[PDB]
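Structure, as structure tokens:
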Amino acid sequence: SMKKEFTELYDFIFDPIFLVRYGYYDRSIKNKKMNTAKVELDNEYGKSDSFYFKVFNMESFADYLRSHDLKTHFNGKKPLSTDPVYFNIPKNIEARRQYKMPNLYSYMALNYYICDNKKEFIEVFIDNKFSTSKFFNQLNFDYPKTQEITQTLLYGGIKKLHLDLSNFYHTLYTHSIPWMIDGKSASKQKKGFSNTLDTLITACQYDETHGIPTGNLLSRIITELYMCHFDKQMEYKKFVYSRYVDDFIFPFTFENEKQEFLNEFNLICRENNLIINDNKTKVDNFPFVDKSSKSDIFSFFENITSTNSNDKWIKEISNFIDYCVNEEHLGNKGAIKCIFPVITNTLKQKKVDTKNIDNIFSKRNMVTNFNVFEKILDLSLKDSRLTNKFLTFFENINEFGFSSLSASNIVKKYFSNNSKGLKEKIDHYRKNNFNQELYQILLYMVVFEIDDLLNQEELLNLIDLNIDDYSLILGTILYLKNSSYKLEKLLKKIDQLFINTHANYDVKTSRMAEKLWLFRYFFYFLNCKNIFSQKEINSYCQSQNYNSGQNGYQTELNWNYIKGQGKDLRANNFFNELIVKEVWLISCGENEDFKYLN
Amino acid sequence: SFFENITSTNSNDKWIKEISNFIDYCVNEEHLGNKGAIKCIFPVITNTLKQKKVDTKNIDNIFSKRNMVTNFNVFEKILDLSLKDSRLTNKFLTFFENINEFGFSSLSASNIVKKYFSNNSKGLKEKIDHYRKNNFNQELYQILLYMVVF
Amino acid sequence: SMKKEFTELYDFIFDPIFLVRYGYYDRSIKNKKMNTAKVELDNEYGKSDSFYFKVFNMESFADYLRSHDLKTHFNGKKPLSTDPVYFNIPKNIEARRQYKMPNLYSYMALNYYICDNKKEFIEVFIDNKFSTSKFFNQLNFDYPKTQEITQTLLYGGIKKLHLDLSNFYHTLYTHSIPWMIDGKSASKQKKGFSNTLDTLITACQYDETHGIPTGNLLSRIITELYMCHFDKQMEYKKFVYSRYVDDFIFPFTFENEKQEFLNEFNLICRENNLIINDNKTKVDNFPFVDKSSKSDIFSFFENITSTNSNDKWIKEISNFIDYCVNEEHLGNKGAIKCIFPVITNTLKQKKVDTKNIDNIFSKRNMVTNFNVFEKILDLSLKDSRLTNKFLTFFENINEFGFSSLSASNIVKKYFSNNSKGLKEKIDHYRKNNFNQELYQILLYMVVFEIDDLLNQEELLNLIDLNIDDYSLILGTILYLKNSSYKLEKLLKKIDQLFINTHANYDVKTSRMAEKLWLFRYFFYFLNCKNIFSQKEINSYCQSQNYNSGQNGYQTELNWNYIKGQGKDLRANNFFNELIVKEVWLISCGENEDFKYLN
Amino acid sequence: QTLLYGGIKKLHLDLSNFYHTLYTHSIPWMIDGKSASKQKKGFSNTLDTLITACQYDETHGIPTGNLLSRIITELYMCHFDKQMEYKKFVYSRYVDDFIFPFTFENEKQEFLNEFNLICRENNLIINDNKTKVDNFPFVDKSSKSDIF
DNA sequence: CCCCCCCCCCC
DNA sequence: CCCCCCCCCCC
DNA sequence: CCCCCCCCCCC
DNA sequence: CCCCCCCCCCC
DNA sequence: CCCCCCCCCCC
């Protein structure tokens, strides 16, 4: 039954371990058996578009949860307020979009509350008919199935009205969530489900009521609940439409239907402080335009075989990249995303031999200096949202036989040829807080062993304020990967950053409820396993004249002393429990020395 | 040449999705100014089904299958396409005649059209009233002819 | 000196009595001597665009303040939370804009706090150089002077960049006010000036942190402080521009200047959760376009004299209206606003005799049935933001000699000819909460003695939920103006409304901290002076079987019983102090019988 | 494609009527420096003399339609390229079709100023109609895959 | 995971 | 035509 | 020339 | 207010 | 109809 498929999917999804192991970084899996009871390191079952799993993942945390219960940390009535990792990404070539990756403690508080009240979500989701977003790309509810549902919903209509909400996630008033769930006139008399949910959301973003912490699956689930209650209001008024998150497709024939729909939709938006993006409002008349047909794209390679020469494969792949970039320019949404999966699947399906793949992607044409890996790398650097897809593509063809040393040399050569523009780019994103672009550049330098772009001085200039946690981690990794440099300068930079960050806070505020919680955990976890040698930390702190004590040297660099400071130590106790059990949140590679090339 | 790389060895699900994408593609072609593209949908689907040499029971499965999760059926999509333009009534009924000869059961088609009409009864009654007041003869004719036939 | 003119203006403005007498309804006066120490009723010195002064004004309250001190009501640390009057107005022919007229108690709390900390505002305003909005159209800082300042600020630039903030007032995060004033990294540790200011603002909108309560002068002053601190940040980075509220005019010559400005402006907007309206972004190249020249408009009437016939005056005025409507269509902002003042000033300056004015505006052409007052009335009904300008124009020409009975008959005839469309309009705005349009129609019916449009049944359908206070007052006035109808049905409607409104609240919430505070004050003030006869209220409440008691009949209609209910009675005590002293907030006319035709 | 790496935007520039209005005495300017035209007998001066002899001592334009003209024009344009490379710019040129890859508007403006300066020095005129910036995702209208 | 056909939307 | 203000729309 | 894959840009 | 020239921007 | 390749335009 339809109901029973929905129920299976939602009992899979609404599990705390699922919700952190794939939810935190917004990962999707296509089969329940992918959710193995072991730590996954060498492969990736998941599909994600934000963060590189081989460096940043929740596998160790999920393994910890699988055997030990952290319910006890999450019984205090008032949820602890914490600062998230602010991580700004491109919306397009011009605009920006803000992610907020919550403190893991606040994430887990919200996570257990949502799984404890999962029926609040599941009854509405299963009763809902208009949402194609209430599957969250999980299991087998992929893009063609959601388009099938949308097509069914658009029956009978000679016209389509398209409506969008402007800046929906990022300006959503969080106290309007209980209005949508329970009725606005019942907000005026807490202790209910929706009020507590709002409180935990604001705790995830430091009691900020402006917007929802975007970039994770719990936020998507809460937003979907909000929007399915919007859908319930519109359905009680007897309207039929398709919604993907905030993209409303209204089928209609007569203008009175359209006008009555617009009045009702305007009314609910005004009641809940929602704003329509009037730029995106458009009526499409039949015959309907469809710019997102992907048939030509996935059938680019029909007439090429493994009997074709490696040169024809190279030129065909190059033409493919140009063709999909042009398709995306023309309005074919997701065409650039399609380049990497379909190249990989064509290489697998045409059954090209490993040594032929090595020749295809490692060949440098002598006259033209052209190499097709370099073209694909430059394409990925054109949009930092493509970082994960590019690195997954590299992983796949490296498995297919493309040598990792050859890839490292190609990326090194690319970076040397473009070093000046790349340094100007790094400076641009550092001044303007373009977090994902800087992250992409540093992650490529970490992955492909680029040690020539930035010297010691620029690397230490990376460790400063207005740098996101992930970039701080990647720069610190770049610095530790170079054995020539000595650790005192990094210790000084990190200490300065920690003190300056704590200076923005009440002196009774715990460190792990503050900004840079993830970098701090990285540091304390490294120090706990002597990559950050305890002797040289002692030397640095002697140089700084810190007073010793019962726990140690009374510095921001000493977790033994830090874990006990602050009035509320709940986040500190949670992260100390993680540190003692050797739960890592940042993967240091197979051999603990920060190499990700396999 | 939409259907060059599909064969009778392809699964019925791929045939369903390929036909759906075909309909969307020709509707977009007609929107872009390709005159007669929507007319082309029915003859070339029928000729592809004949030429790919798909078996009668496979045709029955292709056009009678209701996907349980999505409630999608490809005959219902083609029927709704035909109701989008009443000049398509004859082409739709000829297409139904052809695939019914190809093996698609007439009782299954009747149930599919009945279900479509029940789900859209309110809008269809408003449509009937519209064409009755405004003398839209072919639209009313198409609706009543579907009710007679199915 | 420049400083000393600024100082004079700001010591005039930052006075509590000024800030309520002209600030509450956003009124401007051109001379300090207009701020008389008496109640103004028959004339209006002020200039306002929102609410009709002859019905809604603060003159009685200001007279009360002038002799008695209400500081004592405003010493409790935690400000009482209240609901404002929600009053939605057209933004244009399509979009809407929300006003929130605060509870007078919360207004006065904010008012005294701001005047007590006026130096916080005045130092920044006087030090500011980029704002042409920091004069609030007061005294002699009118439109040409602000344009003079803007012109000076735009010197040296071959290009202008225009930037706007989208939905600035209505989506402003109120906790970002202390960020702008003090620095965002100092929000994390209250008791300071900016935090208390934020708290009083949210108290004005029922502890809602989404947006600023728009439609009054205190909101404009707070928004100007916010924006002048934005200007201080941009000036420290050595940029020069003109700002009107959120309209940024950046003068520049080279594209590097423009790009650096855009990066800095984007950075501050991202820091303070401000969103640029990317639709309004445009660069203008010299030679510069100027679509707002008003020279032809104010010189339409140069070649007409009082020796011209009344027919030529009629036709000239008609052509004038068409010409300014076309000017506004072409992008001449404020051209339609210009119609009424310049017609009035032309009639005064051409020195047309009173009987000639009567003939001009009262003449009905027999063949064409055309009357120029009816055309101007229909123009005003085309945009409800024109209500005040139309009624001021009528007041002026009525003073010039145009008979009020003739105007009443003309408006009556108009309303009879268009009764069907007008009833459909009334229903439209009632279903869709178009508050200002409904207000305009009911205010015309009140002013011009229209008693034929709506019978008793529709008038009682006016008294229901989702109707703003001002429309509720105007409908109740329409009902009391008709002596044929008896008062029991209105008493039943009003009682139902009061009970239903209190049902949305905690049972310990005081009535005058709730929605419909202004309607409730209207009712209680009428009952206190026996327009709402006490005998017939007793009869109604006997019919409803209310239990009597120490104060009276224990109903929502009895202020004696109502004033003592609720845990916090501060708002009730303040409004009871107003009621006892016969301070009215709604003018009932010269002879207390609700006639405004003079 | 290799030359256009690293760029989020492309600037397209063309020279108007390049072959047919090329001042032939500007060839020694491009090859040797304009301030060295004022004191012949050198390579570039003799080359200019033979070109004008091919078109009846006409100094307006280059005799178009043969490979020697293409070689001389390519020498001229590669010296233009040497001037732009010494100022540390990277672009693709086909004859007179300049494809400038860039990311920030300051790069584009500095390139435009330098290019304008050299064009003014050598009596070269930009076809302002063909000037356009393309933003990524880039348009490509010349795919021949369906055709072949 | 298992054992042809895939691959895209949003915030 | 008579005795200021005019003057244009359509088919 | 020799022995699959080609084929187009400019002036 | 008092005693020529005015009149418009925003939210 | 018979025995590969079809299939569209208009009024």
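Just the heavy atoms: all of them, side chains too, but no hydrogens, waters or symmetry mates, feed the values below. The chains referred to below are lettered A, B, ... by the order of the sequence lines, with proteins before strands, and numbering in each begins at 1.
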**OP:** Indicate yes or no: does A:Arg243 engage A:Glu224 in a salt bridge with an N to O separation below 4.0 Å.
**Re:**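 Looking at A:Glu224 together with A:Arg243, the answer is yes, because their closest N to O distance falls below 4.0 Å.
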
Original post:
Do NZ/NE/NH1/NH2 and the carboxylate oxygens of A:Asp49 and A:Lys389 come within less than 4.0 Å?
Top reply: no

Side chain of [X] only, please: which of [options] is the nearest?
X	options	answer
C:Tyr45	H:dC1, E:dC9, H:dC9	H:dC1
C:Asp246	H:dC10, E:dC9, E:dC7	H:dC10
A:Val342	G:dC10, H:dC8, E:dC7	E:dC7
A:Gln147	E:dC9, H:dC7, H:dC11	E:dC9
B:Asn47	I:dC7, E:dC10, E:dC7	I:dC7

**OP:** Between A:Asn35 and A:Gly215, just flag the one whose closest nucleotide in DNA chain E comes earlier from the 5' side.
**Re:**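 Looking at DNA chain E, the more 5' nearest nucleotide goes with A:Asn35.
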
**OP:** Please tell me which of A:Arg385 and B:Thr9 maps to the more 5' nucleotide of DNA chain E, matching each residue to the nucleotide holding its nearest heavy atom.
**Re:** B:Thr9

Output the rounded distance in Å from [atom1] ([X]) to [atom2] ([N]).
X	N	atom1	atom2	result
D:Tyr76	G:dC11	OH	P	16 Å
A:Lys145	E:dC6	NZ	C1'	11 Å
C:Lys134	H:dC10	NZ	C1'	16 Å
A:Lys351	E:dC6	NZ	P	15 Å
A:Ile29	E:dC2	CD1	P	12 Å
A:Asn31	E:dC5	CG	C1'	15 Å
C:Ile249	H:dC10	CD1	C1'	12 Å
A:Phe141	E:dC7	CZ	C1'	19 Å

With a cut-off of less than 4.0 Å, is there a side-chain N or O of [X] near OP1 or OP2 of [N]?
X	N	value
C:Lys47	H:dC8	yes
C:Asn308	F:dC5	yes
B:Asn34	I:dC9	no
C:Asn216	H:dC11	no
A:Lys315	G:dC6	yes
C:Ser309	F:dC5	yes
B:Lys91	I:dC7	no
B:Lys50	I:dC5	no
C:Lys291	H:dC8	no
C:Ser219	H:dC11	no
A:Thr344	E:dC7	no

Original post:
Would you call G:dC4 and G:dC5 stacked when the test is ring centres under 5.5 Å and planes under 30°?
Top reply: yes

**OP:** Assess the pair A:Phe135 and A:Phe141: is the distance between their ring centroids shorter than 6.0 Å?
**Re:** yes

Original post:
Only one of C:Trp313, C:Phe300, C:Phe298 forms a ring-ring contact (aromatic ring centres under 6.0 Å, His included) with C:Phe320, so which one is it?
Top reply: C:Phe300

Under 4.0 Å, heavy atoms only, any strand: does [X] hit a base, just the sugar-phosphate, or nothing?
X	result
A:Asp164	sugar-phosphate
B:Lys14	sugar-phosphate
A:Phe340	nothing
C:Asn137	base
D:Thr64	base
C:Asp247	nothing
A:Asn140	nothing

Is the aromatic ring centre of [X] closer than 5.5 Å to the centre of the six-membered base ring of [N], with the two planes inclined by less than 30°?
X	N	result
A:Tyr169	E:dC11	no
C:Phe168	H:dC11	no
C:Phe298	H:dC7	yes
D:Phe148	G:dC7	yes
C:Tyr244	H:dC10	no

No-H, no-angle donor-acceptor pair, [X] side chain to [N] base, under 3.5 Å:
X	N	answer
A:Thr146	E:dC9	yes
A:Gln349	E:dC6	no
D:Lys144	G:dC8	yes

Original post:
How far, in whole Å, is H:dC10 from H:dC5 if one measures between their P atoms?
Top reply: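 Each nucleotide's P atom is 27 Å from the other's.
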
Subject >> Crowding at NZ, A:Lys91 (>12 non-hydrogen neighbours, <6.0 Å) >> reply: yes

**OP:** Give a yes-or-no answer on whether the side chains of B:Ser1 and B:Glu4 include a donor-acceptor pair shorter than 3.5 Å.
**Re:**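 Indeed, the side chains of B:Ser1 and B:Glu4 share at least one donor-acceptor pair under 3.5 Å.
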
Subject >> Pair A:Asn167-A:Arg97, side-chain donor/acceptor within less than 3.5 Å >> reply: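 No.
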
Subject >> Main-chain N/O of D:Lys130 paired with D:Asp14 side-chain donor or acceptor, under 3.5 Å >> reply: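 Not a single qualifying donor-acceptor pair exists.
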
Original post:
Do A:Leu386 and A:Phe340 have side chains that get closer than 4.5 Å, going by heavy atoms?
Top reply: yes

